[PDB]
$ cat target-v4.cif   # mmCIF, C-alpha atoms and all ligand atoms
data_input
#
loop_
_atom_site.group_PDB
_atom_site.id
_atom_site.type_symbol
_atom_site.label_atom_id
_atom_site.label_comp_id
_atom_site.auth_asym_id
_atom_site.auth_seq_id
_atom_site.Cartn_x
_atom_site.Cartn_y
_atom_site.Cartn_z
ATOM 1 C CA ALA H 1 -18.404 -14.659 -6.562
ATOM 2 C CA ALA H 2 -16.893 -12.092 -4.305
ATOM 3 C CA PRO H 3 -13.175 -11.666 -5.012
ATOM 4 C CA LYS H 4 -10.878 -13.724 -2.820
ATOM 5 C CA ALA H 5 -7.563 -12.733 -1.255
ATOM 6 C CA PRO H 6 -4.555 -14.050 -3.180
ATOM 7 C CA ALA H 7 -1.751 -16.041 -1.641
ATOM 8 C CA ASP H 8 1.033 -14.350 0.219
ATOM 9 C CA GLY H 9 4.184 -13.208 -1.491
ATOM 10 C CA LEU H 10 2.746 -10.812 -4.072
ATOM 11 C CA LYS H 11 5.563 -8.528 -5.290
ATOM 12 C CA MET H 12 4.827 -4.851 -5.830
ATOM 13 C CA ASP H 13 7.567 -4.034 -8.334
ATOM 14 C CA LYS H 14 6.646 -0.904 -10.233
ATOM 15 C CA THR H 15 9.850 0.619 -8.806
ATOM 16 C CA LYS H 16 13.525 -0.166 -8.089
ATOM 17 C CA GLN H 17 12.612 -0.755 -4.428
ATOM 18 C CA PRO H 18 10.001 -3.536 -4.734
ATOM 19 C CA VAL H 19 7.934 -4.632 -1.740
ATOM 20 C CA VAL H 20 6.186 -7.934 -0.872
ATOM 21 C CA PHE H 21 2.547 -7.774 0.169
ATOM 22 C CA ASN H 22 0.996 -10.565 2.240
ATOM 23 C CA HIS H 23 -2.772 -10.685 2.634
ATOM 24 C CA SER H 24 -2.488 -13.102 5.584
ATOM 25 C CA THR H 25 -1.130 -10.344 7.821
ATOM 26 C CA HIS H 26 -3.841 -7.869 6.834
ATOM 27 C CA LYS H 27 -7.024 -9.706 7.737
ATOM 28 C CA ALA H 28 -7.768 -7.033 10.395
ATOM 29 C CA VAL H 29 -8.256 -4.601 7.464
ATOM 30 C CA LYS H 30 -11.345 -4.708 5.233
ATOM 31 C CA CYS H 31 -10.700 -5.463 1.604
ATOM 32 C CA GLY H 32 -12.303 -2.139 0.631
ATOM 33 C CA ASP H 33 -9.926 -0.037 2.689
ATOM 34 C CA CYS H 34 -7.252 -0.887 0.145
ATOM 35 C CA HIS H 35 -9.271 -2.053 -2.868
ATOM 36 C CA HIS H 36 -11.153 1.116 -2.293
ATOM 37 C CA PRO H 37 -14.239 2.545 -3.938
ATOM 38 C CA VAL H 38 -13.756 4.311 -7.270
ATOM 39 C CA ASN H 39 -17.003 5.809 -8.573
ATOM 40 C CA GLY H 40 -18.540 4.096 -5.565
ATOM 41 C CA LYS H 41 -17.386 0.568 -6.502
ATOM 42 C CA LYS H 42 -14.528 -1.260 -4.825
ATOM 43 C CA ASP H 43 -11.758 -1.587 -7.384
ATOM 44 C CA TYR H 44 -9.451 -4.644 -7.217
ATOM 45 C CA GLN H 45 -7.131 -3.692 -10.054
ATOM 46 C CA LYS H 46 -3.417 -3.287 -9.467
ATOM 47 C CA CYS H 47 -2.803 -0.033 -7.650
ATOM 48 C CA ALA H 48 -0.589 1.496 -10.445
ATOM 49 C CA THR H 49 -2.972 0.586 -13.278
ATOM 50 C CA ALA H 50 -3.018 3.312 -15.883
ATOM 51 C CA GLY H 51 -5.440 6.007 -14.787
ATOM 52 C CA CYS H 52 -4.973 4.952 -11.145
ATOM 53 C CA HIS H 53 -1.738 5.455 -9.134
ATOM 54 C CA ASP H 54 0.373 5.517 -12.283
ATOM 55 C CA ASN H 55 2.557 8.586 -11.696
ATOM 56 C CA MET H 56 6.051 7.294 -11.023
ATOM 57 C CA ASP H 57 7.261 10.737 -9.905
ATOM 58 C CA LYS H 58 7.900 10.045 -6.216
ATOM 59 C CA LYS H 59 7.677 13.793 -5.576
ATOM 60 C CA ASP H 60 4.054 13.937 -6.788
ATOM 61 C CA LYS H 61 1.453 14.450 -4.058
ATOM 62 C CA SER H 62 -1.640 14.145 -6.209
ATOM 63 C CA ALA H 63 -3.753 11.059 -5.831
ATOM 64 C CA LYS H 64 -2.127 9.545 -8.935
ATOM 65 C CA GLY H 65 1.336 9.647 -7.279
ATOM 66 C CA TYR H 66 2.283 6.040 -6.581
ATOM 67 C CA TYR H 67 4.911 6.862 -3.969
ATOM 68 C CA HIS H 68 2.483 9.215 -2.290
ATOM 69 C CA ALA H 69 -0.299 6.625 -2.127
ATOM 70 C CA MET H 70 2.046 4.097 -0.480
ATOM 71 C CA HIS H 71 3.880 6.355 2.023
ATOM 72 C CA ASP H 72 2.020 9.552 2.996
ATOM 73 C CA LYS H 73 -0.204 10.561 5.866
ATOM 74 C CA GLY H 74 -3.427 12.547 5.491
ATOM 75 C CA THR H 75 -4.676 10.537 2.549
ATOM 76 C CA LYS H 76 -8.307 9.731 1.899
ATOM 77 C CA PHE H 77 -7.530 6.056 2.255
ATOM 78 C CA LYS H 78 -4.756 4.961 4.634
ATOM 79 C CA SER H 79 -1.408 4.442 2.979
ATOM 80 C CA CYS H 80 0.849 1.517 3.816
ATOM 81 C CA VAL H 81 3.136 3.715 5.893
ATOM 82 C CA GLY H 82 0.336 5.855 7.374
ATOM 83 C CA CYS H 83 -1.541 2.911 8.765
ATOM 84 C CA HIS H 84 1.690 1.298 9.944
ATOM 85 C CA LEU H 85 2.671 4.451 11.835
ATOM 86 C CA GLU H 86 -0.628 4.349 13.705
ATOM 87 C CA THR H 87 -0.144 0.602 14.353
ATOM 88 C CA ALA H 88 3.403 0.876 15.636
ATOM 89 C CA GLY H 89 2.700 3.742 18.058
ATOM 90 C CA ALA H 90 5.628 4.412 20.390
ATOM 91 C CA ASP H 91 7.045 0.890 19.996
ATOM 92 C CA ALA H 92 10.464 1.423 18.523
ATOM 93 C CA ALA H 93 10.889 -2.157 17.347
ATOM 94 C CA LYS H 94 7.524 -2.068 15.519
ATOM 95 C CA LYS H 95 8.358 1.326 14.131
ATOM 96 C CA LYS H 96 11.472 -0.120 12.547
ATOM 97 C CA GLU H 97 9.717 -3.293 11.329
ATOM 98 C CA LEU H 98 6.661 -1.569 9.958
ATOM 99 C CA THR H 99 7.729 1.952 8.998
ATOM 100 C CA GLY H 100 11.477 1.916 8.543
ATOM 101 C CA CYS H 101 12.856 3.183 5.277
ATOM 102 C CA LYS H 102 15.466 0.475 5.311
ATOM 103 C CA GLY H 103 15.941 -2.742 7.356
ATOM 104 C CA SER H 104 12.133 -3.018 7.594
ATOM 105 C CA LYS H 105 9.690 -5.658 6.437
ATOM 106 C CA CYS H 106 8.865 -3.505 3.462
ATOM 107 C CA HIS H 107 12.434 -2.431 2.410
ATOM 108 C CA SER H 108 15.365 -4.641 3.454
HETATM 109 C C1 LIG F 201 10.657 5.535 4.882
HETATM 110 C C2 LIG F 201 9.763 6.628 5.274
HETATM 111 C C3 LIG F 201 10.706 5.047 3.561
HETATM 112 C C4 LIG F 201 11.287 5.601 2.457
HETATM 113 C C5 LIG F 201 12.174 6.830 2.320
HETATM 114 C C6 LIG F 201 10.761 4.907 1.316
HETATM 115 N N1 LIG F 201 10.012 3.844 1.725
HETATM 116 FE FE1 LIG F 201 8.833 2.696 0.455
HETATM 117 N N2 LIG F 201 7.689 1.585 -0.885
HETATM 118 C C7 LIG F 201 6.587 0.895 -0.485
HETATM 119 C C8 LIG F 201 5.897 0.423 -1.646
HETATM 120 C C9 LIG F 201 4.616 -0.387 -1.632
HETATM 121 C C10 LIG F 201 6.617 0.869 -2.694
HETATM 122 C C11 LIG F 201 6.404 0.505 -4.119
HETATM 123 C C12 LIG F 201 6.969 -0.876 -4.489
HETATM 124 C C13 LIG F 201 6.980 -1.123 -5.953
HETATM 125 O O1 LIG F 201 5.907 -1.185 -6.582
HETATM 126 O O2 LIG F 201 8.093 -1.215 -6.530
HETATM 127 C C14 LIG F 201 7.767 1.570 -2.228
HETATM 128 C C15 LIG F 201 8.750 2.199 -2.984
HETATM 129 C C16 LIG F 201 9.720 3.036 -2.493
HETATM 130 C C17 LIG F 201 10.728 3.730 -3.217
HETATM 131 C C18 LIG F 201 10.816 3.694 -4.742
HETATM 132 C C19 LIG F 201 10.232 4.961 -5.386
HETATM 133 C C20 LIG F 201 10.542 5.137 -6.889
HETATM 134 O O3 LIG F 201 9.588 5.328 -7.662
HETATM 135 O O4 LIG F 201 11.631 4.739 -7.327
HETATM 136 C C21 LIG F 201 11.411 4.563 -2.407
HETATM 137 C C22 LIG F 201 12.482 5.569 -2.713
HETATM 138 C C23 LIG F 201 10.899 4.361 -1.081
HETATM 139 N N3 LIG F 201 9.868 3.479 -1.207
HETATM 140 C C24 LIG F 201 11.356 4.946 0.079
HETATM 141 C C25 LIG F 201 6.278 0.612 0.811
HETATM 142 C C26 LIG F 201 6.862 0.945 2.018
HETATM 143 C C27 LIG F 201 6.638 0.435 3.341
HETATM 144 C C28 LIG F 201 5.769 -0.645 3.708
HETATM 145 C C29 LIG F 201 4.783 -0.265 4.684
HETATM 146 C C30 LIG F 201 7.525 1.122 4.195
HETATM 147 C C31 LIG F 201 7.748 0.991 5.689
HETATM 148 C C32 LIG F 201 8.259 2.065 3.382
HETATM 149 N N4 LIG F 201 7.813 1.924 2.114
HETATM 150 C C33 LIG F 201 9.143 3.047 3.828
HETATM 151 C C34 LIG F 201 9.847 3.984 3.082
HETATM 152 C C1 LIG F 202 -4.426 -3.442 2.058
HETATM 153 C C2 LIG F 202 -3.822 -3.561 3.333
HETATM 154 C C3 LIG F 202 -5.071 -4.581 1.513
HETATM 155 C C4 LIG F 202 -6.068 -5.409 2.074
HETATM 156 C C5 LIG F 202 -6.811 -5.260 3.385
HETATM 157 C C6 LIG F 202 -6.404 -6.414 1.098
HETATM 158 N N1 LIG F 202 -5.632 -6.170 0.008
HETATM 159 FE FE1 LIG F 202 -5.774 -7.283 -1.773
HETATM 160 N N2 LIG F 202 -4.007 -6.395 -2.494
HETATM 161 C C7 LIG F 202 -3.375 -5.382 -1.889
HETATM 162 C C8 LIG F 202 -2.184 -5.028 -2.607
HETATM 163 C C9 LIG F 202 -1.208 -3.936 -2.280
HETATM 164 C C10 LIG F 202 -2.199 -5.886 -3.666
HETATM 165 C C11 LIG F 202 -1.278 -5.840 -4.840
HETATM 166 C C12 LIG F 202 -1.782 -4.879 -5.904
HETATM 167 C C13 LIG F 202 -0.648 -4.603 -6.864
HETATM 168 O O1 LIG F 202 -0.859 -3.551 -7.480
HETATM 169 O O2 LIG F 202 -0.064 -5.553 -7.372
HETATM 170 C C14 LIG F 202 -3.387 -6.692 -3.660
HETATM 171 C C15 LIG F 202 -3.870 -7.554 -4.617
HETATM 172 C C16 LIG F 202 -4.955 -8.392 -4.544
HETATM 173 C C17 LIG F 202 -5.596 -9.096 -5.619
HETATM 174 C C18 LIG F 202 -4.939 -9.373 -6.966
HETATM 175 C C19 LIG F 202 -5.105 -8.157 -7.882
HETATM 176 C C20 LIG F 202 -4.500 -8.252 -9.284
HETATM 177 O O3 LIG F 202 -3.262 -8.390 -9.366
HETATM 178 O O4 LIG F 202 -5.299 -8.357 -10.255
HETATM 179 C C21 LIG F 202 -6.901 -9.345 -5.335
HETATM 180 C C22 LIG F 202 -7.887 -10.230 -6.058
HETATM 181 C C23 LIG F 202 -7.056 -9.088 -3.918
HETATM 182 N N3 LIG F 202 -5.926 -8.335 -3.570
HETATM 183 C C24 LIG F 202 -8.200 -9.267 -3.160
HETATM 184 C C25 LIG F 202 -8.464 -8.844 -1.863
HETATM 185 C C26 LIG F 202 -9.505 -9.340 -0.998
HETATM 186 C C27 LIG F 202 -10.787 -9.932 -1.597
HETATM 187 C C28 LIG F 202 -9.349 -8.649 0.174
HETATM 188 C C29 LIG F 202 -10.184 -8.844 1.317
HETATM 189 C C30 LIG F 202 -10.353 -10.191 1.921
HETATM 190 C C31 LIG F 202 -8.084 -7.968 0.119
HETATM 191 N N4 LIG F 202 -7.611 -8.079 -1.161
HETATM 192 C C32 LIG F 202 -7.476 -7.270 1.154
HETATM 193 C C33 LIG F 202 -3.789 -4.792 -0.698
HETATM 194 C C34 LIG F 202 -4.764 -5.143 0.213
HETATM 195 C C1 LIG F 203 -7.973 3.079 -10.308
HETATM 196 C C2 LIG F 203 -9.137 2.429 -10.808
HETATM 197 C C3 LIG F 203 -7.602 2.878 -8.947
HETATM 198 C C4 LIG F 203 -7.084 1.697 -8.350
HETATM 199 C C5 LIG F 203 -7.021 0.291 -8.915
HETATM 200 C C6 LIG F 203 -6.699 2.003 -6.992
HETATM 201 N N1 LIG F 203 -6.806 3.330 -6.874
HETATM 202 FE FE1 LIG F 203 -6.344 4.361 -5.090
HETATM 203 N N2 LIG F 203 -7.254 6.097 -5.818
HETATM 204 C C7 LIG F 203 -7.835 6.205 -7.027
HETATM 205 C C8 LIG F 203 -8.567 7.429 -7.109
HETATM 206 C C9 LIG F 203 -9.283 7.942 -8.352
HETATM 207 C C10 LIG F 203 -8.277 8.095 -5.979
HETATM 208 C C11 LIG F 203 -8.968 9.357 -5.562
HETATM 209 C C12 LIG F 203 -10.409 9.183 -5.091
HETATM 210 C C13 LIG F 203 -11.057 10.434 -4.558
HETATM 211 O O1 LIG F 203 -11.993 10.309 -3.745
HETATM 212 O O2 LIG F 203 -10.348 11.460 -4.448
HETATM 213 C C14 LIG F 203 -7.489 7.245 -5.135
HETATM 214 C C15 LIG F 203 -7.075 7.529 -3.856
HETATM 215 C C16 LIG F 203 -6.145 6.754 -3.142
HETATM 216 C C17 LIG F 203 -5.565 7.084 -1.902
HETATM 217 C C18 LIG F 203 -5.729 8.437 -1.240
HETATM 218 C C19 LIG F 203 -4.731 9.406 -1.924
HETATM 219 C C20 LIG F 203 -4.897 10.854 -1.456
HETATM 220 O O3 LIG F 203 -5.752 11.116 -0.592
HETATM 221 O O4 LIG F 203 -4.103 11.715 -1.939
HETATM 222 C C21 LIG F 203 -4.747 6.061 -1.488
HETATM 223 C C22 LIG F 203 -3.906 5.894 -0.254
HETATM 224 C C23 LIG F 203 -4.907 4.989 -2.415
HETATM 225 N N3 LIG F 203 -5.798 5.466 -3.374
HETATM 226 C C24 LIG F 203 -4.389 3.689 -2.351
HETATM 227 C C25 LIG F 203 -4.630 2.621 -3.184
HETATM 228 C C26 LIG F 203 -3.981 1.343 -3.116
HETATM 229 C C27 LIG F 203 -3.103 0.861 -1.954
HETATM 230 C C28 LIG F 203 -4.454 0.630 -4.180
HETATM 231 C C29 LIG F 203 -4.145 -0.716 -4.498
HETATM 232 C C30 LIG F 203 -4.519 -1.807 -3.580
HETATM 233 C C31 LIG F 203 -5.360 1.473 -4.914
HETATM 234 N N4 LIG F 203 -5.356 2.706 -4.318
HETATM 235 C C32 LIG F 203 -6.030 1.203 -6.111
HETATM 236 C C33 LIG F 203 -7.769 5.235 -8.020
HETATM 237 C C34 LIG F 203 -7.301 3.930 -7.998
HETATM 238 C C1 LIG F 204 -3.824 -0.528 8.002
HETATM 239 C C2 LIG F 204 -5.054 -0.018 7.497
HETATM 240 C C3 LIG F 204 -2.890 -1.114 7.092
HETATM 241 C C4 LIG F 204 -2.597 -0.776 5.765
HETATM 242 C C5 LIG F 204 -3.215 0.238 4.796
HETATM 243 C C6 LIG F 204 -1.422 -1.556 5.383
HETATM 244 N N1 LIG F 204 -1.045 -2.281 6.455
HETATM 245 FE FE1 LIG F 204 0.602 -3.597 6.423
HETATM 246 N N2 LIG F 204 0.107 -4.244 8.351
HETATM 247 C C7 LIG F 204 -0.914 -3.770 9.081
HETATM 248 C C8 LIG F 204 -1.014 -4.540 10.292
HETATM 249 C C9 LIG F 204 -2.056 -4.288 11.379
HETATM 250 C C10 LIG F 204 0.022 -5.385 10.261
HETATM 251 C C11 LIG F 204 0.563 -6.329 11.289
HETATM 252 C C12 LIG F 204 1.551 -5.617 12.235
HETATM 253 C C13 LIG F 204 2.444 -6.550 13.013
HETATM 254 O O1 LIG F 204 3.053 -6.137 13.995
HETATM 255 O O2 LIG F 204 2.947 -7.547 12.427
HETATM 256 C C14 LIG F 204 0.763 -5.176 9.044
HETATM 257 C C15 LIG F 204 1.906 -5.827 8.647
HETATM 258 C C16 LIG F 204 2.663 -5.589 7.515
HETATM 259 C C17 LIG F 204 3.923 -6.200 7.126
HETATM 260 C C18 LIG F 204 4.650 -7.183 7.993
HETATM 261 C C19 LIG F 204 4.030 -8.607 7.947
HETATM 262 C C20 LIG F 204 4.320 -9.288 6.608
HETATM 263 O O3 LIG F 204 3.369 -9.308 5.778
HETATM 264 O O4 LIG F 204 5.474 -9.744 6.461
HETATM 265 C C21 LIG F 204 4.286 -5.725 5.897
HETATM 266 C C22 LIG F 204 5.515 -6.030 5.076
HETATM 267 C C23 LIG F 204 3.170 -4.961 5.386
HETATM 268 N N3 LIG F 204 2.233 -4.894 6.427
HETATM 269 C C24 LIG F 204 3.154 -4.228 4.206
HETATM 270 C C25 LIG F 204 2.202 -3.348 3.729
HETATM 271 C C26 LIG F 204 2.154 -2.693 2.461
HETATM 272 C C27 LIG F 204 3.278 -2.843 1.431
HETATM 273 C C28 LIG F 204 1.037 -1.936 2.443
HETATM 274 C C29 LIG F 204 0.528 -1.096 1.376
HETATM 275 C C30 LIG F 204 0.278 -1.622 0.034
HETATM 276 C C31 LIG F 204 0.346 -2.218 3.682
HETATM 277 N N4 LIG F 204 1.158 -2.989 4.487
HETATM 278 C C32 LIG F 204 -0.799 -1.616 4.167
HETATM 279 C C33 LIG F 204 -1.877 -2.860 8.630
HETATM 280 C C34 LIG F 204 -1.912 -2.096 7.478
#

$ encode --input "target-v4.cif" --output "structure tokens"
Amino acid sequence: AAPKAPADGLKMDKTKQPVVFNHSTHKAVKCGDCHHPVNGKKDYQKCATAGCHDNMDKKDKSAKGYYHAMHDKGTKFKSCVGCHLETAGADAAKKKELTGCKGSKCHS
């Protein structure tokens, strides 16, 4: 069938700063804006699959840079932090919760 959203509490732990991803709080976002087209087909593999966002150099800005794909603005698909910046706006509490580098819902 079509793929279904997994349960909440999925740990992204390619790095030393792992982050929990909950589908239940992202239902306002289409599946394909994250599980984005690759060669025109939505791809539901893990983001850091080899040949995907598998460069663990957090300084890399190419599409393969994992850090880059999770944190930067101006990306072809919204990143976690990019979309959250737009969502938080001028609301300082939401900026901390959604975009803070520490003491946020991504990074404790
Ligand atoms: C403020 C601008 C932030 C700073 C600085 C960093 N983060 Fe994040 N972050 C997010 C994800 C999805 C990951 C990957 C989790 C995993 O698979 O382990 C990370 C990872 C990091 C790391 C580790 C990089 C390395 O390779 O060691 C650093 C240094 C880091 N981040 C700093 C997600 C999020 C997120 C959710 C929306 C927010 C608000 C932030 N990150 C914020 C920052
Ligand atoms: C971005 C905000 C997303 C939206 C919208 C949806 N998903 Fe998602 N999903 C996302 C992440 C960051 C993760 C973890 C990937 C990681 O690399 O571990 C996932 C994972 C899943 C999975 C499991 C994939 C795997 O481990 O094999 C699937 C099947 C899944 N997601 C499905 C899916 C559906 C069908 C969506 C729409 C209803 C959907 N996702 C939305 C990020 C995001
Ligand atoms: C491999 C099959 C992939 C998987 C699984 C995911 N991504 Fe991806 N991503 C991939 C390619 C080949 C590219 C470039 C496509 C092209 O048109 O240039 C991207 C692009 C991104 C971007 C934009 C990066 C930029 O503009 O520099 C982001 C933000 C991104 N991808 C995020 C993302 C996430 C969150 C994923 C897991 C849910 C994910 N991608 C999977 C290849 C692959
Ligand atoms: C927009 C296109 C989004 C993308 C890409 C990602 N997120 Fe998100 N997120 C978004 C919304 C609209 C909301 C709700 C905001 C509110 O005020 O609560 C969120 C929420 C979060 C949260 C907090 C809720 C929770 O699940 O505990 C976290 C921790 C979260 N989002 C993480 C996250 C990650 C790790 C992403 C990239 C893989 C990601 N978000 C993408 C919208 C959007």

$ residues_near_ligand --input "target-v4.cif" --ligand "ligand LIG 201 (chain F)" --cutoff "9 Å" --atoms "all atoms listed in the file" --output "NGL selection string"
:H and (11-21 or 47-48 or 55-59 or 66-67 or 69-72 or 79-85 or 95-102 or 104-107)

$ resolve_selection --input "target-v4.cif" --expression "the PyMOL selection byres (((chain H and resi 31-43) around 10) and not hetatm)" --output "number ranges by chain"
H: 3-5, 23, 26-30, 44-47, 52, 76-80

$ closest_residue --input "target-v4.cif" --among "H:49, H:90, H:64, H:25" --to "ligand LIG 204 (chain F)" --atoms "only C-alpha atoms and all ligand atoms"
H:25

$ closest_residue --input "target-v4.cif" --among "H:103, H:94, H:10, H:1" --to "ligand LIG 202 (chain F)" --atoms "all atoms listed in the file"
H:10

$ atom_distance --input "target-v4.cif" --atom1 "CA of residue 63 (chain H)" --atom2 "atom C11 of ligand LIG 203 (chain F)"
5.5 Å

$ axis_aligned_box --input "target-v4.cif" --around "ligand LIG 204 (chain F)" --padding-each-side "5 Å" --output "AutoDock Vina command-line options"
--center_x 0.2 --center_y -4.8 --center_z 7.0 --size_x 20.6 --size_y 20.0 --size_z 24.0

$ closest_residue --input "target-v4.cif" --among "H:2, H:75, H:22, H:9" --to "ligand LIG 203 (chain F)" --atoms "all atoms listed in the file"
H:75

$ closest_residue --input "target-v4.cif" --among "H:87, H:6, H:51, H:92" --to "ligand LIG 204 (chain F)" --atoms "all atoms listed in the file"
H:87

$ atom_distance --input "target-v4.cif" --atom1 "atom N2 of ligand LIG 204 (chain F)" --atom2 "CA of residue 7 (chain H)"
15.6 Å

$ atom_distance --input "target-v4.cif" --atom1 "atom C23 of ligand LIG 204 (chain F)" --atom2 "CA of residue 24 (chain H)"
9.9 Å

$ closest_residue --input "target-v4.cif" --among "H:8, H:54, H:93, H:108" --to "ligand LIG 203 (chain F)" --atoms "only C-alpha atoms and all ligand atoms"
H:54
